[PDB]
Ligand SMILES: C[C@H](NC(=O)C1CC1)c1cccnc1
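A single chain, nothing else alongside it, follows as structure tokens in the form deposited without this ligand.
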């Protein structure tokens, strides 16, 4: 791919974070805390899952960013509608306003309904996310494997402003404490 030149500087929005997340001072890294992080509740915070949104909202153009997933066992990444449900249980699907991939139990899958098996020969340490708003495209790239394509959502019906979407995953195993990090341009 030649998407690097649409690179955008993403920062995390503290106010959207699940109350157990710890976001770094520079708002470029997030990890699961071992307890409630002593913040007030609000209608923006994801309640059920360890999720957080980027601060940036996109309604046009082409945008590209990279996320470090080194040594994580579980995570979700992609984009979502600004108006996604925050409270209670829900599935990650385009019908619910999410365009995502994930790792779970040693398999990678795209957040279609039902979910789609991904074919990744080189487990990624960094993921590139490309959004073309006008074309209705969200693509995912394996930066560890020379930028190889992972998955393309096409004919996307965004139906509103988009925000970068992150899930650090739970850490029941003690093997998933590592952060998500936004990689430098």
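Positions refer to the first chain, counted from 1.
If you look for the form solved in complex with this ligand, you will not find it shown, but the lines that follow are about it.
- Within 4.5 Å of any heavy atom of this ligand in the entry with it bound lies no heavy atom of residue 26.
- With a 4.5 Å cutoff on heavy atoms, residue 32 counts as touching this ligand in the entry with it bound.
- The partner is not shown here, but in the entry with it bound the stretch 147-179 reaches within 4.5 angstroms of this ligand through a heavy atom at 170, 171, 172, 177.
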